[PDB]
Structures are given as structure tokens and as C-alpha cells.
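Notes follow the structure.
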Amino acid sequence: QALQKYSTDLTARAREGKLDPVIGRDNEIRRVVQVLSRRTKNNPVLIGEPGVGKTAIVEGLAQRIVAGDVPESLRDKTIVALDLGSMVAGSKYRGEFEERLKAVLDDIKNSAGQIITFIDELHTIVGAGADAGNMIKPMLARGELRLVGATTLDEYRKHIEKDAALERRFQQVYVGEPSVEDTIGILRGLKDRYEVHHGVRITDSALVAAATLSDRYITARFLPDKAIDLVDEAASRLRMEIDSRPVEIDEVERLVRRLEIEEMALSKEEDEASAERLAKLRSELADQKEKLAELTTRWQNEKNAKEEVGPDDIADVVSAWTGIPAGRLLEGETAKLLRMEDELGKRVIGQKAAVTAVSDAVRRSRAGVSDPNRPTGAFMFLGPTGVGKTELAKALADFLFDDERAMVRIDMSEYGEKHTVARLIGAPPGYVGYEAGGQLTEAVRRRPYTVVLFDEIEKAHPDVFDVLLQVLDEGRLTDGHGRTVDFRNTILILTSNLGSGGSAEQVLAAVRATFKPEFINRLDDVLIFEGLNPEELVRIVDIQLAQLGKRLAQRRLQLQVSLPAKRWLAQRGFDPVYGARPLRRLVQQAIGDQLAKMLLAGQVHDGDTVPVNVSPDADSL
Amino acid sequence: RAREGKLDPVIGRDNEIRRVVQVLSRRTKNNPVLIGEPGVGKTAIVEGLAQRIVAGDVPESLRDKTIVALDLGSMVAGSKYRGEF
Amino acid sequence: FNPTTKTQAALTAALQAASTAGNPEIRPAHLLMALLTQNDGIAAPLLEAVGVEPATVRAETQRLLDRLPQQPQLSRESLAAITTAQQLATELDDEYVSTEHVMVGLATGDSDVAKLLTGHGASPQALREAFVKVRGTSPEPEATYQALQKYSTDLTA
Ligand SMILES: Nc1ncnc2c1ncn2[C@@H]1O[C@H](COP(=O)(O)OP(=O)(O)OP(O)(O)=S)[C@@H](O)[C@H]1O
Ligand SMILES: Nc1ncnc2c1ncn2[C@@H]1O[C@H](COP(=O)(O)OP(=O)(O)OP(O)(O)=S)[C@@H](O)[C@H]1O
Ligand SMILES: Nc1ncnc2c1ncn2[C@@H]1O[C@H](COP(=O)(O)OP(=O)(O)OP(O)(O)=S)[C@@H](O)[C@H]1O
């Protein structure tokens, strides 16, 4: 009767049908049985990584006993679930806990083996002392109490294997994680338990996707557990959608009910610079109130003539998680991908050969054609200076994230000595900086969709190349802590400045003599950039002037530029040895200097608009 | 406190509260953990969820759920004996 | 009953000084001497809260000890004191007995100590307000009781 106070009844719980169906894993359960039914030392311990199913095996054995598939040596035996936490509850006096545990042990021995104690998280059996969890050591080695335990793989060697007198009384059972084909079956069996809790239906083509998809995207966790979450979340989200309106009709309404209040409390601003902001916000409101009322119409076109989860809700879940977009190109993204070297051309000018290669390994990955285990694209573009090869790697990180500072840049010119490698991989255990991990590593392990940029790579020491050697071609590198980080979704970009003027084989042979063939072989196309012709500078001129104008709008201060000045600046863009950097200095020598002189000398105030005009030699405002 | 009007208004962050709710109402292992750099708003989201529950914008399963803010500091206050914690 | 460590130490000190004294039964004046001369004593500021002089709390109760003919057991007045103390702990729901609880039980249990505290000037309505101005609801030990005044100094003062 002391076993009623400190434990529940697993077999009784399994009798009333309160446990999930256990599928497969025949070998593990048969070994648990043939260990649990020997003369002495008859107590197994399941062992293995967290999530692969180790309480599932004990619950399967309990259901199996209740049914009657077990041998004669185990027919009609009850399994009790010991609870070490509720025993040390009130034991402040000097012997009460030992008294409790002794009563429990005596009561277990008082039966004739009709009880199988099952301790979960048994690594907690070492403490309870303050000579505790130690009075069990005699009864263990004789086979009185049949113990079924299950702890993860690495708290075993941390709490138990430290005590080789106690770990002798345990027989280990290793529980390896299943494969995709087996996880599919486990899900096929468990589906009808979620189909009830959520009032929905789940499609087998979705049960296959929730297991194939969650095997190449979520690598930090193990099997089935990392494949049941997708199904459960998809169902819960679908039920939410069923009750209320669908998504993308809810957020459009939530933000509209906010822009209203914004413009309402903004229109009462007795101000003049705030009138250009109100007249700009008042347009996005009418633009949103357009597609909102279009969605409410397109929803009735379907509601007059999305009721079970498919292989699409799963992808949407594994995309909201982990940030990686793996969807189906829902007709809004494809129209944007189709004109990409057109949205990149607003920031980079020329280099058509290189824009149509960076942009070419994004489509052939969003359409599901690239190798699923290798980086999305790994190519190095190199050429003369000031040509636009560090700008392209920023016009690209802005097309995908809408923020130029959401990417990972490391300036490879500080890696002059080989010992500077530990800066991006961590320091081995037992050294100064170890509870910090790597620096490149920990940056990608948190958001595995960024675009890495190794700037000025040939200035480094030829060992960091050999570190990168396996990043390309496999997308993996492990830090000090032993955590493997995957790169199979990033875009690897390496700039350079080799050759410096050689036509095509003074540079192609200067790359070959600075890098090794095993490093050139992992790369995709080696893009060559080209100098700037006189025509393709008259356009960078416009870009620069637009930039400066946008920078000036902090004072509502514009400026008018005449075509003579616009083609004077571009003709004073000179020296096809320095690219397009001199022009940014010419602009500030000509316009910016005298504008700033006039600006703090009175005689120019906000709201004005200054026209530039080419004096016979210089520019006059 | 959300009923008594003592929490600041919470603006924006719709995707996050949506995901928090849908994780908070699934069958097993429903424990959302807001993670991210310090300052970007992680208590503000929970306060927004509380005000949203008081208002009524939540799905059916989360009607009248009475969020509770635990405290493990005042729980280990005086427990020098063997089982007091 | 439900003891805290200070009442346990007071009972142990009174029992050691009683077994040294050689008595058939331990008087309440042993416990009173143990509590007024206790380290970190919360009885002398308790009587400071009700305006009682401390120059008589070691003389007029000392005369209740050196008139007895020098293992004792607890007097029935002391058991009634602990009984009314445990009863008086049920309103403020403090889970353990305290030194002020021992004091109010001794003031209600034996009328001999109540006679002395009434002759020095103290009412049970006033000494029930003696602690609330020095306390400020209770665990087992005593690390409350104006914690700002014992773990800080005043820069403005
Ligand atoms: N063979 C299986 N058949 C059916 N469901 C399974 C099977 N293996 C695991 N599961 C389910 O997958 C999840 C695994 O959870 P558990 O196995 O209880 O956790 P665990 O494997 O013990 O990991 P730890 O060490 O306890 S944290 C549960 O939802 C189980 O119901
Ligand atoms: N084709 C181009 N289109 C637009 N801006 C360009 C172009 N080429 C250079 N620029 C400008 O030049 C600056 C950036 O030049 P970068 O390409 O970053 O220099 P680089 O190509 O990395 O050469 P090095 O070897 O790194 S100095 C920015 O101010 C750009 O506006
Ligand atoms: N979306 C938001 N709406 C309204 N106020 C916000 C929002 N996000 C942040 N704030 C305010 O900005 C501050 C952010 O503080 P918190 O988000 O509570 O701190 P935190 O983000 O939790 O970081 P830590 O780790 O808790 S110190 C508070 O003053 C919030 O009131």
C-alpha cells in the first residue's frame, strides 16, 4: 500500500486506452523481454539520443502485456512507474526518506515478482542523499526488483558511468534512430490520433512530405520527434484558419485597422515637413484597402462554388520555422524571379555575364533542380579595382532579404597568419575562449539562409583556403563544441583582385598559381569582371546624383541638374585604371563642397532647389 | 493586469503572435520559446498576447485561459532543509 | 506544534541551564531567561516597542529562579503557553512558532509573567502591535524584519 503513494500504474493507464500506438521496433522489445526474464541481474536500460523513442518502447511493452503477446514468464505482470521526485517531498528529518524507500523496497520484494518497477530519467537516482539510491544496490544484483530505465546517451556517461559499482547492475540496450521509410510508417499509424484532437483530415501525401522534408532542413534534432511537430502544427494552423478567416486576409485587415489610427492622429500635426509624410502614408492606406476588398471578393468566388492538410501546409511550417523558403512559388514570387537581372541592374551596371550567373543559381534552386546536399552556389568573381564586384554581392543580399546588413561578411585581409583560423572555428576544449564557439559557425547556425561573403580572399594565408576546402562541395564544418553546421542553403561569394589588367590568361594563370586544383575544382564558374566603358559611366552618374538627392531629402532640399553638367561629370570620369571610384570624389569636389559652403553661410535654406550649371570649366550653383 | 489596463500597448508583430498561438494550441509538446537578441521585443509579445486574450482576438481553444507569470526566485527563498523545494 | 530554530535554541539553552541547575521540572523563568538573553534577541526590542525598561528584565525574573532547591520536564503553564501560541499563529497563518509567539503565549499562559509585564507597564493590545512595527508572511528562519536597516546605510542621513 506504500506503492500507491509514490507511483502511478503504467499497466492500468494502458488498459483504459490512454497510450499511443507503438509501431515497429520489434528487436528492441524482444531484447527488453529476454533481458527482463533472466535469473539474476534482470534489468535493462534503454540508451540513445533524445527523441528516437525510448518511453515509446516501454509503453509498447505495456500494451503488449495487456494484450497477451508476451511469454509465460511475463504473462500477467503489472508495471509500476516509480516517481523519485515525490519521495523526497517532505523528508527534512534525519531518516524519513530512507524509511520511505525501505518501505517501498520491502513491499516490492514482498510480492513474488508480479511487479516491474520502471524508473524514467534514472540518472536522477544518484542523488536523493543530502548514502541514498545506494541501498538499492544489494537488491539489484540479485534480481528482486526488475528495473526498466531509459536515459539519454550523454547523461549516462556523466552521472552513471562515474560509478562503475552501480553501472555493473545494468544491461545496456542501444536504440538507434529510424530511417525515412520507417518514420513514414510510424506517422501512418499515428495520424488517426491527431485527426481526432484537431477536427481535420491528414493526407498520406502529406505524411510522406513531413518526413522527407524534415530530413534535409532540420538537422539539429533527431527522427520521429522532428517529423511529428510539422504534422501537429499544420493541423493546428488549419483549425485556426477554419474558425476565423484564412491567412493573408487577416494580416491585410490588421494593418489596415492600424494605418487608419496612424493617419488619423497624424493629420492633426500643425507642421509643414509632416505634410509630405501624411500625403505618402495616405496612399498606402488606399492601396491596402484595395487588395483587401479584392481578397474578400476572390474568397467568395471560392466560397460559393482547403479542408485537409497537404504537402503545402507542411512546407509552409518548415519555412516559417528555420527561415528557409521551401514553398511552391505562389505566382507572386515567380513573377519577381522572372525579372531579376532587371532588379539587380538598378544597382550594378554592366557585368551582364556575371549578373546572369549569380541570378541563375537562384531560379534553378527555387524550382527544385539543384543538388539537395551542396551549397546553393559557390563562385568567385575577380577582376580590376572599382569595377563593382563587392557591390554585386550587396545588391544580391538586398534583393533576397530587403536589408543589406542581414548577410555575413568577413574581411579576409586580417587572416594574415595561419593561427587566425581559430577565430572562425572556435578553440578546442580546455582553452581560454571555449564557451563562445566559433564566430562564422555560430553566425550561420542561427539563420541558415544568409549569404556569406569572403572579401579580398587572396590576401590571406594559404591555410584558410584549406579550411574552406570542405565548406564548398559539402556545406559542413564542425567547431570546437563538436556541433556540425550545415551550409547547404547559403550562397558563397569570394571576391579578389588577382591579375590586375591581364587580358584573360594573365589572370587565369595567376589564379592557377595561387590556388590549388583541389580548391579551384569545388568552385562553380569563375566570373571575370571587365573594365568600364565610357558609355556605362553616364549612368553611374545618374545613380550617384540620385543617391545624393535621397540623402538631401532630410531637409526637403532638392537640386536640378542640367544635361551639360551630367555629361561633363561623366567625361571627367577618367583613368580606366581606377574604375568608378574617382567619380564619387569628383562629385563631392564639384557639387558637395560648394553646396556645404553655401549651406551654412545663409543664402540657402530648406525647401529650396538649387540648379547646377556648367561654367566654362567648373560647376556653379 | 491586462484587464486592469497596466500593460503598454503592443503594435505590430503579427507573424510572431500568430505562430505563438498556433504552437500554444497543439496536441503534444506545446511550449513556445521566444528567442532572439536582447531588446527586440520578447516580453512585449507575451503582453500583446495577454491583451489579445482579454479582448477576444484569439481562436476558440484560447478563450479565458488566464496566463500566469511564474517566479523561481521566490520559490527557493527559504528551503535549507531536504525537501522544502 | 511547529518550531523555528530560535525557539528550539531557547528551549535547548533553558534545558541545559536547567539540568545544570538541578530542577525536578523546568520553570517558565528558564525559558524567559533564555529568550531575553538570546543572541539577536527579538524580545528586548519587542518591549522597546511597548515602552518597557530593560533594567528589570534580568532582576525581577531572576528572583523567580534563585528560590528553587538546586532531567526536568516542561511545566503545564509552559504547555498552555505553547498551546495559546499555536492558536494565535492561526490568524496570521505563519506556519511555525516564533519568539514573539512564545512571548505572547507566555503572557497569556502564566499570569506570573503577565503580572510582571503589567507592573512594568504593558498591555496585550500593545504587545500584539509590538512586532508589526519591527516586522513590517514568514518562512522558517529570520532574515526579514527591516532588511534595509541591516544591509544598508543611509547616504542622505
Ligand atoms: N515506435 C514508435 N511508434 C509510435 N510513436 C513513436 C515511436 N517512437 C516514438 N514515437 C513518438 O515520438 C515521440 C517520442 O517521444 P519519447 O520517445 O517519449 O521521448 P524519448 O524518445 O523518450 O526521448 P527522451 O530521452 O525521453 S527526452 C512521442 O510522441 C512518441 O509517441
Ligand atoms: N558597375 C558599377 N555600378 C555601380 N556602382 C559601381 C560600379 N562599379 C563600382 N561602383 C561603385 O564603386 C563602389 C564600390 O566599388 P567596389 O566594387 O566595392 O570595389 P571593388 O570592386 O571591390 O574593387 P576592390 O578590389 O574591392 S577596391 C560603390 O560606390 C559603387 O557605387
Ligand atoms: N512591438 C512593440 N510594441 C510596443 N512596445 C514595444 C514593442 N517592442 C518593444 N517595445 C518596447 O520596447 C522595450 C522592449 O523591452 P522588452 O522587449 O520587454 O525587453 P526584451 O525585448 O524582453 O529584452 P530582454 O531580454 O527581456 S531585457 C519596452 O519598453 C517595450 O515596451
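Identifiers for the C-alpha cells are assigned positionally: chains receive A, B, ... in sequence, residues are indexed from 1 per chain, and ligands are indexed from 1 in the order shown.
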Q. Which residues come within 12 Å of residue 12 of chain B, counting only C-alpha atoms, excluding same-chain residues fewer than 4 positions away, as a ChimeraX atom specification?
A. /A:251,254-259 /B:16-18,41,44-45,48-49
For the residues in that selection, give me N, CA, C and O atoms as a PDB file, in the first residue's frame.
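result09.pdb written:
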ATOM      1  N   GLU A 251      -3.979  39.458 -41.878  1.00  0.00           N
ATOM      2  CA  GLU A 251      -2.965  40.487 -41.706  1.00  0.00           C
ATOM      3  C   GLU A 251      -3.241  41.745 -42.514  1.00  0.00           C
ATOM      4  O   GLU A 251      -2.989  42.852 -42.019  1.00  0.00           O
ATOM      5  N   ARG A 254      -5.579  43.500 -40.295  1.00  0.00           N
ATOM      6  CA  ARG A 254      -4.952  44.000 -39.079  1.00  0.00           C
ATOM      7  C   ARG A 254      -4.133  45.258 -39.321  1.00  0.00           C
ATOM      8  O   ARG A 254      -4.244  46.206 -38.539  1.00  0.00           O
ATOM      9  N   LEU A 255      -3.338  45.308 -40.389  1.00  0.00           N
ATOM     10  CA  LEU A 255      -2.529  46.500 -40.619  1.00  0.00           C
ATOM     11  C   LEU A 255      -3.351  47.663 -41.151  1.00  0.00           C
ATOM     12  O   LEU A 255      -2.999  48.825 -40.910  1.00  0.00           O
ATOM     13  N   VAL A 256      -4.418  47.378 -41.899  1.00  0.00           N
ATOM     14  CA  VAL A 256      -5.335  48.433 -42.299  1.00  0.00           C
ATOM     15  C   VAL A 256      -6.008  49.071 -41.097  1.00  0.00           C
ATOM     16  O   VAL A 256      -6.081  50.301 -41.026  1.00  0.00           O
ATOM     17  N   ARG A 257      -6.469  48.282 -40.125  1.00  0.00           N
ATOM     18  CA  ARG A 257      -7.044  48.884 -38.927  1.00  0.00           C
ATOM     19  C   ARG A 257      -6.019  49.615 -38.073  1.00  0.00           C
ATOM     20  O   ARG A 257      -6.378  50.124 -37.007  1.00  0.00           O
ATOM     21  N   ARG A 258      -4.761  49.675 -38.504  1.00  0.00           N
ATOM     22  CA  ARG A 258      -3.730  50.419 -37.792  1.00  0.00           C
ATOM     23  C   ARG A 258      -3.330  51.679 -38.547  1.00  0.00           C
ATOM     24  O   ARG A 258      -3.158  52.745 -37.942  1.00  0.00           O
ATOM     25  N   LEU A 259      -3.170  51.565 -39.865  1.00  0.00           N
ATOM     26  CA  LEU A 259      -2.861  52.734 -40.679  1.00  0.00           C
ATOM     27  C   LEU A 259      -3.946  53.794 -40.534  1.00  0.00           C
ATOM     28  O   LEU A 259      -3.676  54.998 -40.630  1.00  0.00           O
TER      29      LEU A 259
ATOM     30  N   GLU B  16       4.581  36.746 -35.417  1.00  0.00           N
ATOM     31  CA  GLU B  16       5.090  36.119 -34.207  1.00  0.00           C
ATOM     32  C   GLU B  16       3.963  35.696 -33.281  1.00  0.00           C
ATOM     33  O   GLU B  16       3.981  34.584 -32.751  1.00  0.00           O
ATOM     34  N   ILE B  17       2.975  36.558 -33.064  1.00  0.00           N
ATOM     35  CA  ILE B  17       1.889  36.175 -32.175  1.00  0.00           C
ATOM     36  C   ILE B  17       1.050  35.074 -32.807  1.00  0.00           C
ATOM     37  O   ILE B  17       0.551  34.180 -32.114  1.00  0.00           O
ATOM     38  N   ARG B  18       0.902  35.098 -34.129  1.00  0.00           N
ATOM     39  CA  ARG B  18       0.225  34.003 -34.811  1.00  0.00           C
ATOM     40  C   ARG B  18       0.921  32.677 -34.572  1.00  0.00           C
ATOM     41  O   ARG B  18       0.272  31.690 -34.206  1.00  0.00           O
ATOM     42  N   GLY B  41      12.132  42.983 -28.345  1.00  0.00           N
ATOM     43  CA  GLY B  41      10.743  42.770 -28.010  1.00  0.00           C
ATOM     44  C   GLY B  41      10.424  41.301 -27.876  1.00  0.00           C
ATOM     45  O   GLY B  41      10.116  40.631 -28.861  1.00  0.00           O
ATOM     46  N   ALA B  44       7.286  42.008 -24.726  1.00  0.00           N
ATOM     47  CA  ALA B  44       6.204  42.754 -25.344  1.00  0.00           C
ATOM     48  C   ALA B  44       5.266  41.841 -26.112  1.00  0.00           C
ATOM     49  O   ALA B  44       4.061  42.093 -26.156  1.00  0.00           O
ATOM     50  N   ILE B  45       5.784  40.766 -26.698  1.00  0.00           N
ATOM     51  CA  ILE B  45       4.916  39.863 -27.443  1.00  0.00           C
ATOM     52  C   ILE B  45       3.981  39.121 -26.505  1.00  0.00           C
ATOM     53  O   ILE B  45       2.795  38.949 -26.798  1.00  0.00           O
ATOM     54  N   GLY B  48       1.340  41.451 -25.448  1.00  0.00           N
ATOM     55  CA  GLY B  48       0.375  41.587 -26.520  1.00  0.00           C
ATOM     56  C   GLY B  48      -0.572  40.410 -26.578  1.00  0.00           C
ATOM     57  O   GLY B  48      -1.771  40.579 -26.794  1.00  0.00           O
ATOM     58  N   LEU B  49      -0.049  39.204 -26.368  1.00  0.00           N
ATOM     59  CA  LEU B  49      -0.904  38.026 -26.340  1.00  0.00           C
ATOM     60  C   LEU B  49      -1.902  38.102 -25.197  1.00  0.00           C
ATOM     61  O   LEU B  49      -3.061  37.708 -25.349  1.00  0.00           O
TER      62      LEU B  49
END
Q: Find the residues in chain C near chain B: any atom within 9 Å counts, using only C-alpha atoms. Write them as a VMD selection string.
A: chain C and resid 139 to 141
Keeping only N, CA, C and O atoms, write the selected residues to a file as an mmCIF file, in the first residue's frame.
data_model
loop_
_atom_site.group_PDB
_atom_site.id
_atom_site.type_symbol
_atom_site.label_atom_id
_atom_site.label_comp_id
_atom_site.auth_asym_id
_atom_site.auth_seq_id
_atom_site.Cartn_x
_atom_site.Cartn_y
_atom_site.Cartn_z
ATOM 1 N N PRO C 139 8.824 32.770 6.631
ATOM 2 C CA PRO C 139 9.421 31.440 6.467
ATOM 3 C C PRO C 139 9.856 30.862 7.804
ATOM 4 O O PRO C 139 9.496 31.392 8.860
ATOM 5 N N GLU C 140 10.593 29.755 7.777
ATOM 6 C CA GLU C 140 11.231 29.231 8.982
ATOM 7 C C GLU C 140 12.227 30.211 9.620
ATOM 8 O O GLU C 140 12.021 30.580 10.783
ATOM 9 N N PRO C 141 13.323 30.677 8.938
ATOM 10 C CA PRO C 141 14.311 31.474 9.676
ATOM 11 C C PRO C 141 13.946 32.948 9.759
ATOM 12 O O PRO C 141 12.819 33.344 9.442
#
Q: Residues of chain A no more than 6 Å from chain B, counting only C-alpha atoms: send them over as number ranges by chain.
A: A: 88-92, 236-237
Export, as a PDB file, in the first residue's frame, the selected residues with C-alpha atoms.
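The file below, result.pdb, is the result:
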ATOM      1  CA  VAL A  88      11.895  13.450  -1.194  1.00  0.00           C
ATOM      2  CA  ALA A  89       8.960  15.844  -0.916  1.00  0.00           C
ATOM      3  CA  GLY A  90       8.767  16.123   2.848  1.00  0.00           C
ATOM      4  CA  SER A  91      11.833  14.478   4.373  1.00  0.00           C
ATOM      5  CA  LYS A  92      13.517  17.214   6.375  1.00  0.00           C
ATOM      6  CA  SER A 236      -3.493  23.286 -35.534  1.00  0.00           C
ATOM      7  CA  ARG A 237      -2.977  26.112 -38.017  1.00  0.00           C
TER       8      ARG A 237
END
Which residues are near ligand 2 - at most 6 Å, using only C-alpha atoms and all ligand atoms? Format: as a short mmCIF file (atom, residue, chain, number, x, y, z; two decimals) with C-alpha atoms, in the first residue's frame.
data_model
loop_
_atom_site.label_atom_id
_atom_site.label_comp_id
_atom_site.auth_asym_id
_atom_site.auth_seq_id
_atom_site.Cartn_x
_atom_site.Cartn_y
_atom_site.Cartn_z
CA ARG A 347 22.36 48.96 -58.59
CA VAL A 348 25.02 47.19 -60.69
CA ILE A 349 25.62 48.37 -64.25
CA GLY A 350 27.35 46.27 -66.85
CA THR A 385 39.54 47.54 -58.97
CA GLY A 386 36.46 49.69 -58.51
CA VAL A 387 34.55 47.65 -61.07
CA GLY A 388 31.59 46.61 -58.91
CA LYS A 389 32.44 43.18 -57.53
CA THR A 390 31.81 43.97 -53.87
CA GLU A 391 28.69 45.92 -54.85
CA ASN A 497 41.80 41.36 -57.26
CA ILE A 540 26.57 55.63 -62.80
CA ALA A 580 34.35 54.14 -60.90
CA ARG A 581 35.72 55.37 -57.57
#
(Q) At a cut-off of 12 Å, using only C-alpha atoms, what residues contact residue 23 of chain C? Leave out same-chain residues fewer than 6 positions from it and give the result as an NGL selection string. (A) :C and (14-17 or 30 or 65-75)
Same residues, N, CA and C atoms, saved as an mmCIF file, in the first residue's frame:
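See again_21.cif below for the written result:
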data_model
loop_
_atom_site.group_PDB
_atom_site.id
_atom_site.type_symbol
_atom_site.label_atom_id
_atom_site.label_comp_id
_atom_site.auth_asym_id
_atom_site.auth_seq_id
_atom_site.Cartn_x
_atom_site.Cartn_y
_atom_site.Cartn_z
ATOM 1 N N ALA C 14 17.667 26.786 27.787
ATOM 2 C CA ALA C 14 16.986 26.706 29.075
ATOM 3 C C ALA C 14 17.069 25.306 29.668
ATOM 4 N N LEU C 15 17.070 24.266 28.828
ATOM 5 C CA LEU C 15 17.180 22.908 29.347
ATOM 6 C C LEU C 15 18.598 22.595 29.810
ATOM 7 N N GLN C 16 19.613 23.143 29.137
ATOM 8 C CA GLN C 16 20.988 22.941 29.590
ATOM 9 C C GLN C 16 21.259 23.707 30.881
ATOM 10 N N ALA C 17 20.790 24.956 30.969
ATOM 11 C CA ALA C 17 20.942 25.724 32.199
ATOM 12 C C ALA C 17 19.991 25.265 33.300
ATOM 13 N N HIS C 30 13.106 29.867 33.238
ATOM 14 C CA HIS C 30 14.249 29.392 32.458
ATOM 15 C C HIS C 30 14.125 29.790 30.994
ATOM 16 N N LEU C 65 13.998 32.378 40.003
ATOM 17 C CA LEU C 65 14.869 31.223 39.795
ATOM 18 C C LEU C 65 15.709 30.856 41.008
ATOM 19 N N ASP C 66 16.191 31.832 41.774
ATOM 20 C CA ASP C 66 17.024 31.513 42.936
ATOM 21 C C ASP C 66 16.192 31.407 44.213
ATOM 22 N N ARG C 67 15.108 30.639 44.135
ATOM 23 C CA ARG C 67 14.294 30.315 45.296
ATOM 24 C C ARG C 67 13.863 28.856 45.312
ATOM 25 N N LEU C 68 14.191 28.085 44.275
ATOM 26 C CA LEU C 68 14.016 26.675 43.962
ATOM 27 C C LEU C 68 15.201 25.878 44.505
ATOM 28 N N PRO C 69 14.946 24.703 45.086
ATOM 29 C CA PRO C 69 16.046 23.867 45.595
ATOM 30 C C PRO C 69 16.883 23.309 44.452
ATOM 31 N N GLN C 70 18.108 23.813 44.333
ATOM 32 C CA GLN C 70 19.001 23.427 43.249
ATOM 33 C C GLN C 70 19.616 22.059 43.499
ATOM 34 N N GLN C 71 16.752 15.140 34.933
ATOM 35 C CA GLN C 71 16.133 15.650 33.715
ATOM 36 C C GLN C 71 14.781 16.287 34.018
ATOM 37 N N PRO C 72 14.699 17.608 33.897
ATOM 38 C CA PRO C 72 13.425 18.289 34.137
ATOM 39 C C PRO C 72 12.469 18.132 32.965
ATOM 40 N N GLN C 73 11.185 18.312 33.259
ATOM 41 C CA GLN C 73 10.138 18.266 32.254
ATOM 42 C C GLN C 73 9.347 19.567 32.282
ATOM 43 N N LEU C 74 8.628 19.824 31.190
ATOM 44 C CA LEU C 74 8.007 21.124 30.981
ATOM 45 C C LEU C 74 6.813 21.331 31.903
ATOM 46 N N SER C 75 6.720 22.536 32.461
ATOM 47 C CA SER C 75 5.601 22.902 33.310
ATOM 48 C C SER C 75 4.326 23.023 32.482
#
Q: Name each residue within 8 Å of ligand 1, counting only C-alpha atoms and all ligand atoms, as a PyMOL selection string.
A: (chain A and resi 20-25+48-57+121+150-152+186-187+189-190+224-225+228) or (chain B and resi 28)
**Q.** Two-atom distance - atom CA of residue 525 of chain A, atom CA of residue 379 of chain A (Å)
**A.** 5.8 Å
Q: Could you give me, as a ChimeraX atom specification, each residue of segment 13-81 of chain C that DSSP assigns to strand (DSSP E) when run on this structure's backbone?
A: /C:25-26,73-74
(Q) Give me the residues near residue 38 of chain C as a PyMOL selection string, where near means some atom within 9 Å (using only C-alpha atoms) and where sequence neighbours in that chain fewer than 6 positions away do not count. (A) chain C and resi 6+9-10
Q) Which of segment 40-122 of chain C counts as alpha helix (DSSP H) under DSSP, as a ChimeraX atom specification please? A) /C:44-48,76-88,99-109,111-120
(Q) If I take atom CA of residue 384 of chain A and atom CA of residue 513 of chain A, how far is one from the other in Å, to one decimal? (A)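 Computing the Euclidean distance for atom CA of residue 384 of chain A and atom CA of residue 513 of chain A yields 18.0 Å.
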